[PDB]
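>>> below is the sequence, then the experimental coordinates.
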Amino acid sequence: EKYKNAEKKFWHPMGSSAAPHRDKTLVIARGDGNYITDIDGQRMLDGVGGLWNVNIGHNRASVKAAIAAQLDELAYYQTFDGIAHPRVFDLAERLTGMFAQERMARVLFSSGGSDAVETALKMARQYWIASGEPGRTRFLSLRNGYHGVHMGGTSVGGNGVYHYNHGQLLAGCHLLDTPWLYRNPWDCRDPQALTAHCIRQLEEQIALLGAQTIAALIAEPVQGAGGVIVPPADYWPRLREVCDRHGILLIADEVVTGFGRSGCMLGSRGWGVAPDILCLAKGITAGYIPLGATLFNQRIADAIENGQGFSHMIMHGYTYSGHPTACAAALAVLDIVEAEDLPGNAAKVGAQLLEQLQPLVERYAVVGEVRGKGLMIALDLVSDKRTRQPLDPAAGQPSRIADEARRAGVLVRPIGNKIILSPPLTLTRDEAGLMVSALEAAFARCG
Amino acid sequence: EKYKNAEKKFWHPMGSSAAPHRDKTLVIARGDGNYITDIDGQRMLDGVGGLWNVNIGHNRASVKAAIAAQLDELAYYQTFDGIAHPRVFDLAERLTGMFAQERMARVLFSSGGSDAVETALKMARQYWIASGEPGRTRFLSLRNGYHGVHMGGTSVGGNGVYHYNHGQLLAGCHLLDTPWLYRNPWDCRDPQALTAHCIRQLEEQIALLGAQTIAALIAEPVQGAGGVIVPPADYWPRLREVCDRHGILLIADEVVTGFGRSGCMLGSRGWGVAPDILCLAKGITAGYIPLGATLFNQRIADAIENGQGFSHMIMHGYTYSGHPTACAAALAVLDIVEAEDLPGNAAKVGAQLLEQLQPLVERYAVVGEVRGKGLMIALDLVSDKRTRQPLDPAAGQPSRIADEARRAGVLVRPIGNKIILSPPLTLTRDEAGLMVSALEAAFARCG
Amino acid sequence: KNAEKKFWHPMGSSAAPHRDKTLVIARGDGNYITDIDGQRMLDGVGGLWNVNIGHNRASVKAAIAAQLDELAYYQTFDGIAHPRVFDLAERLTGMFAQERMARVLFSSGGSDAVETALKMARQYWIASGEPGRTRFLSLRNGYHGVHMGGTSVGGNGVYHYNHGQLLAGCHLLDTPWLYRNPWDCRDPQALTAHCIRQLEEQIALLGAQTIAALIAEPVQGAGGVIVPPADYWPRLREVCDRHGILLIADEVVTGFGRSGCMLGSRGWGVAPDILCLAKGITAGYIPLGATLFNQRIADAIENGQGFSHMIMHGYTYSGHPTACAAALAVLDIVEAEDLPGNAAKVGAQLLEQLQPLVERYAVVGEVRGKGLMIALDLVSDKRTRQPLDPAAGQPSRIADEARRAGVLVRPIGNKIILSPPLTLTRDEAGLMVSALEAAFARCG
Amino acid sequence: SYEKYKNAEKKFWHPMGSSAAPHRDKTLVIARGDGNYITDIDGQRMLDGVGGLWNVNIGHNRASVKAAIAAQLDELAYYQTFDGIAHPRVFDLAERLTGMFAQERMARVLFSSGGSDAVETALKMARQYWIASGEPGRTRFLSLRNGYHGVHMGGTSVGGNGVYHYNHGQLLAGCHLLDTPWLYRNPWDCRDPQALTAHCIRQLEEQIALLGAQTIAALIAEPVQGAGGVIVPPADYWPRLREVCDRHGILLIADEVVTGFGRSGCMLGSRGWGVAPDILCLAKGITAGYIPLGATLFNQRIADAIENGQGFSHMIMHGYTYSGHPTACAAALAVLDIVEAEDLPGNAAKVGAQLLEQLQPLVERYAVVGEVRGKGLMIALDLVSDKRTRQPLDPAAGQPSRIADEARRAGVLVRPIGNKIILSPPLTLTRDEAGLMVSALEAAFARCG
Ligand SMILES: *Cc1c(COP(=O)(O)O)cnc(C)c1O
Ligand SMILES: *Cc1c(COP(=O)(O)O)cnc(C)c1O
Ligand SMILES: *Cc1c(COP(=O)(O)O)cnc(C)c1O
Ligand SMILES: *Cc1c(COP(=O)(O)O)cnc(C)c1O
């Protein structure tokens, strides 16, 4: 109506602010189920699921009803020292129940994934102080890992584009190579050998720093924004092994994988591993209300709550920690996740979608490989297949392919040289077929 | 009603996690207007306004309706590179218009005040890189300043309790003394002389660090969680001037003071000052939906959007940046702020409340002074009025006084040695009188 | 010497044409130095606060030659040593038994000695089971060398501007400088109270459990000869103890008598936990530095658990035999000739004899000192104490004219610094007063 | 007599050793040195197989150097070199060094008293170079695993061996470590020099891309890594280091504290690989240990930028009281005369090759000797528990020290660092002395291997 031509007074995250690029906009006006409609009336399948978070689809009546009911009762009250409200009790019980297998004991709520990560990092340090080991302060993380954009989360991030414009951040953060078969420093194409390489490097890094100086390691069970990097099956079991050997806390960044996208209620659980700390957001409310959560296992909960002196004071949290309306939405969302077995649907429909996309590798030289697990999938676009040289996004080919997919009726997300598929976990087989058709059309014209 | 006895599976921010303290809970079930009700049916005036944020009162029909309407249209969609939706256009236009006097040009939305600060700090760094001065990296802030609990915000915080349990954070953050008449290093009780002292210290710190290494200074127009410290009237003008003398960006943390609590739509505007960056949250949605906002003036917008190479890429933001439902709530909330002149009501009723509390200084030895501006007020409790020695919060006397106020029907917040009053800005004179009576009863019993 | 200069002068502009000029010193004897043209001047700066016994002492030269004949150098790393390092370590721990000094870690200069103090301070807390103790406190205008650690805790900006971000967790306090301080307080006891309260507030802000050490000069040298109130160091010691913080006394300048006592800290009646020594320890004849640790620190590390008892810090030239032999001879002279006492007596005479300059010349704001470290603080306005700007060059012009009058003095910022050998006689003190009177008469 | 030094209480600490009792009670007390032999307080003589600490490169007790020292003490033992003041010897030595390193276009020297100083000076002045150049964002440092660069906080921050870090907490931020091109132990298990180089260079490129070249000030490396275990890089590694640095404008700092002045067979290790760095760090052999001296040299590129720096950026506010020490400079001039007159770089190359060849049979004869590597007269015996797993001996079990102890009784003092026995004798070593080192080591492994 007026959004096509007006000057833009906000900035898009993860994009150029330069004109004329900044003048261009795709304005989404409504969402229903797994389809979204722009201001011109053009409808498209939500192949990006909002931002890997609208996992139950748009406009679920039961979630809207839960929100409205809580607004009528208590939209907001704080949860600071000694004060709380029913919904934060309800959700904390629910989450610790859902993750009893991992022995999760306490939750610290927030409003997003960057919050949940920042919380894990800060509280990991407090765990060690409360335990009498204040020298345990350094953090380990993986190349291509993405953990939000707070200064702590950014410090442990493994992609340079998020660093270049912000100077020196947290010291004592150390990066390990990721077990990425398609691109790794050893050109190692054997998953088991690659795991062995990464674990040896990890041990050598720990030996170099001294285990007694390392607080925690943080990693995504499947690395999302870094390019949907699916680790070898034995990597996470060995991550847990190394952490146990040296007492280091294992932080699973489950912001994307939490609540079913990779085929299991937790990505780490999918690999047969129990972390010490869980970071959750995105799918926890399916995007309806901002919410994040950091969960701590009994080991951590007991140490902090029994800390001497000031070490048991938890001087960290947010005005909106435990927001009643966000909690009410999460409770309704999680009911749907479990009721409709969306982790199982993601595993099944995701496996089909991955298989049906493999012909693209054959047919188009620019498609280096297609990888995924559940309903997170990446098309890794390269200029030639020997060195795996990524296309440069500034040349615009990934965006043009995406544009053509949108014209074919499916919205997908280009991140760097990769096309990311992360649709709602309610995706059906027919809708998966529509995604394949739109993508084949896009590469046919712009590949 | 298992909320009374069940094990608590969440942690309270800003409180002891040790048993038996953590077993105690005040469970708030409902809220309407300026009153809240616990699970036992006990009503109390919300003297803390949630957490300085329920500024229009609880349970406003028009805000609830705006939320429901947006949920029916589009609960959520992203705003990353090239994608947006109607509501974020609407609110960005609204905010830049409200703050046209301050030449605000661009908004980067988030979900809270800690986000808004963290965004300010990171984008301040990027401004200087885009401007060709990547040596500009250090941050200045004030003792007793509070700027959230992300690692960046924590690094510039001016109260030790938020640092003790989390190790070394951001380097290059330097604290200045706050122009606090009641407690300052000069024992200076003249506002004009105190300002001069602080400005001299600031100049000396800049000279020591080198202006060319300093990115920005961040400050609250009235310091909230630090104890409602109202600066001399001429401090913020001089603060603005020294920053400009050296090109340093002035970040106004308006998370509490933004939208009227101190008597003006902006605290900085109330002092006659235009910052380069504004941080907003809390009152922006009156707590109904999590939302934060960081606003940048034309100076900053022009530099970044014209930056060379990668410096115009804004690789910072959050999944819920620009959340449609949060934006819809904000639009409805701001209509009420402006329609009902809540900044004006805060100025008038707050001044009344402040004068009505002064007799407490007379009557009770523990009350060192009572200060405030608008509807943020602090009772500064001391063991000795000559040295102004603060009571120890861990000894519990502030909490015991607060407990008695609750029994009298008014919930107030002890932060350290101070009792904080921060009720909704719709507070009436009658309700202010009720607050005075409850506090008189509390000190009579526990003072 | 009209050739291109292939070395850089520390603490100066490297730009041409400034860099083309040089005062080339060829000879030194007693308290005088002579350039290549025979231009002769009293060494009013004592080299760099270090030629404390004068130039060309036969007994020191002989001690050096004797050690060169026996063993010029051998290492002292794990399990290996040599006679001289035994001798000097015994000598120093004996001289500083009052302070309960137990172990020495030698080096080659003051920056080394500071850097060693900082690193070993960190190790003390790790060995003690408090590895969260990492932050360092220091004073504005403090100078602690130019290694990255020493620079990080320095309190003068000119040493930071060109080197970017260094060590994190270093926090500066205001210095108890009577002539210029944030309280405009010229009363020793009141200024002390102001500074101590500030110190307490910063510790509360950081948390004692995160702070490794505080480092300070008993008299701040390069910062402008700032003599603290008499009760400052006692209360400094007490606040540090209140919180367990290690007190590092940077005695690189004050060590071995310049301020009137064998240690500046001892002169204030204080025992630090760590001593940093250099400059005067060898009177400049051979590079040497020393860091001494009290029984508290030595015992904790030697009983440390795990790896905390491994001292993986030190220098190839730690314990250098020839440097140690030189120090033993130098220290013999310090004690034999009671040079701390001479610095006290003659320094007081010089200080009193300079006071008329304050009255006589508007540019001389004040003259302060203790022993034989003295500063003339030059100002454009005595009401505000506005310092002259050195970039306008008046301090250098005054210094130049002092040189023509036969005395070399050092302009640092707006201050003229006097730090001559501790063998200074009453006549030579008078010569310094005279040369300065001549300089201000023309260039003041 | 030296009797009073036996059993006497030690009031000093040994660097790089346990301070715990009873270990600290043991001491080998050296009483005198002559040529390449040292004598302990019991009268036992041994070849100085460690050359002091890779620094007594011309031998002990050189009359001409002692005379040069005594002569300068009589003339001017010390005077400062700060702003506008200097003395003849610092002119002499600066000219000498810039002349010796004209091939590398070295233009300015900033003197100090040791290798840690020289590294620290390089790091700080690298920072100043970029600020003077208008690029104050260039602040990060790159270095190699197993690299050793002294023990100041800067040098320690870029060090690549954990034992020097464990006890000192967090130091300089923005320091990043790369794997070293170490044939015997590397993440690729690659024993092919060209292939290992390619692996390391690609890792370096990836690290630069991740950080952003515009944030990186300098890379520092040893032409042969000394204390890390005498790791001789592939021949094409340093040429490719220079390439990558040039690709991104990064300053190349050659830590020549050990290799400077001939130990690896060339007056500079970097020159030995055919490379010109931007900054040279020198110490140890520059005075052969007679007087502490270090030097950091800067090429014309750096010198011009700083001397033309705008605002305050041309002020060099870094240096040491003993920078340019007249007596140290006089000693250096006499030492360097000997280095060139006796062609000690050539002797190190020739005798070093002989010694290295003669030691290879030990690999076959003794299971604990994993390999013997070296270049010139820096050589390491890399001790392992068995050649199948290549597991390094753990020094805390004490076998490397026991082997060293046996070598000492056989008449040669050698250095155990971790699992490695280091040989670094004076560069005046003769063929007979090389043979003595082989025999003493043969005896040591026969008894304790
Ligand atoms: C998206 C994401 C985050 C950040 O979540 P926000 O809500 O955008 O702050 C953190 N970690 C991972 C793995 C993510 O995908
Ligand atoms: C409350 C507050 C914040 C943090 O806001 P959150 O929503 O709790 O993250 C930041 N700055 C100030 C001045 C605040 O009062
Ligand atoms: C001169 C000085 C130093 C540095 O000594 P150098 O030998 O120049 O490295 C350190 N601290 C103080 C107080 C000094 O005066
Ligand atoms: C020995 C060494 C140093 C340190 O030299 P010192 O004189 O001990 O300070 C620095 N770098 C390297 C490569 C060294 O071998």
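Great, that's in hand. Residues are numbered from 1 along each chain as shown, chains lettered A, B, ... in the order given. Ligands and ions are numbered 1, 2, ... in the order given.

>>> please enumerate the strands of the stretch 1-150 of chain A.
Along the stretch 1-150 of chain A, the stretches classed as strands by DSSP state E, counting those that start in this stretch are A:15-16, A:26-32, A:35-38, A:43-46, A:83-84, A:104-110, A:138-142.

>>> given the second one, what are its sheet partners and their directions?
Put plainly, it is strand A:26-32. strand A:35-38 (antiparallel), strand B:83-84 (parallel) (DSSP bridges).

>>> so for ligand 3, which of those strands sits nearest?
strand B:83-84 (58.3 Å; CB to the nearest ligand atom). (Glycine included, C-beta is placed from N, CA and C.)

>>> so which helix or strand takes in the residue nearest the centre of chain A?
Nearest to the mean C-alpha position of chain A, by CA atoms, centre = their mean, lies residue A:256 at 2.9 Å. Taking DSSP states H and E as the definition, one finds residue A:256 inside no helix or strand.

>>> correct me, but it touches residue A:226?
No. Taking contacts as CB atoms under 8 Å, residue A:256 lies outside contact range of residue A:226: 10.6 Å.

>>> quickly list what's touching both of those two.
Common contact partners of residue A:256 and residue A:226 (CB atoms under 8 Å, 6 or more residues apart in numbering or on different chains): residue A:220.

>>> next, residue A:178: secondary structure please.
Following DSSP: H, G, I helix; E, B strand; the rest coil, we place residue A:178 in the coil state.

>>> could you measure from it over to residue A:389?
Distance, residue A:178 to residue A:389, by CB to CB, to the nearest Å: 18 Å.

>>> list the buried residues of stretch A:305-325.
A:305, A:307, A:310-325 (16 or more other CB atoms under 10 Å in any protein chain shown).

>>> quick one: mark the members of those that sit in strands.
The members of the buried residues of stretch A:305-325 that map onto strands under DSSP state E are A:313, A:314.

>>> now, which of the buried residues of stretch A:305-325 lie close to chain B?
Among the buried residues of stretch A:305-325, the ones lying near chain B by CB under 8 Å from any CB of the partner chain are A:305, A:307, A:310-323, A:325.

>>> which ones among these lie within helices?
A:305, A:325 (DSSP state H).

>>> returning to what we had before: with adjacent residues omitted, what lies nearest to the residue nearest to the centre of chain A?
Once flanking residues are discounted, residue A:256 sits nearest to residue A:224: 4.2 Å by CB to CB, 6 or more residues apart in numbering or on different chains.

>>> what about whichever residue of the stretch 151-300 of chain A sits closest to ligand 2, how many neighbours?
Nearest residue of the stretch 151-300 of chain A to ligand 2 (CB to the nearest ligand atom) works out as residue A:290 at 10.9 Å. If you count neighbours by other CB atoms under 10 Å in any protein chain shown, residue A:290 ends up with 32.

>>> likewise for residue A:326?
Neighbours of residue A:326 under the rule other CB under 10 Å: 31.

>>> can you pull the contacts of it?
Taking CB under 8 Å, 6+ apart, one finds A:109, A:111, A:285, A:289, A:290, A:291, A:320, B:290 in contact with residue A:326.

>>> then residue A:173?
Residue A:173 makes contacts with A:138, A:139, A:140, A:141, A:155, A:156, as judged by CB under 8 Å, 6+ apart.

>>> where does the closest residue to the third one other than its chain neighbours sit, in terms of helix or strand?
Counting by CB to CB, 6+ apart, residue A:217 is the residue found nearest to residue A:140 once chain neighbours are left out, at 4.1 Å. According to DSSP H and E, residue A:217 maps onto strand A:214-219.

>>> quick one: strands adjacent to that strand?
Here strand A:214-219 has these sheet partners by DSSP bridges: strand A:138-142 (parallel), strand A:249-253 (parallel).

>>> neighbours of whichever residue of chain A sits closest to ligand 3, how many?
At 25.7 Å from ligand 3, residue A:171 is the closest residue in chain A, using CB to the nearest ligand atom. If you count neighbours by other CB under 10 Å, residue A:171 ends up with 21.

>>> re the thing from before, and the strands paired with strand A:214-219 as TSV, adding mean neighbour count and distance to residue A:191?
Converted to TSV, the strands paired with strand A:214-219 look like this (neighbours: other CB atoms under 10 Å in any protein chain shown; distance: least, CB to CB, whole Å):
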stretch	mean neighbour count	distance to residue A:191
strand A:138-142	26	16
strand A:249-253	28	20
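
>>> need the ones you listed in TSV with distance to residue A:64, can you?
Putting these into TSV (distance: least, CB to CB, whole Å) gives the following:
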stretch	distance to residue A:64
strand A:138-142	38
strand A:249-253	29
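
>>> how about those in a markdown table, adding distance to ligand 2?
Output for these, formatted as a markdown table (distance: least, CB to the nearest ligand atom, whole Å):
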| stretch | distance to ligand 2 |
| --- | --- |
| strand A:138-142 | 22 |
| strand A:249-253 | 21 |
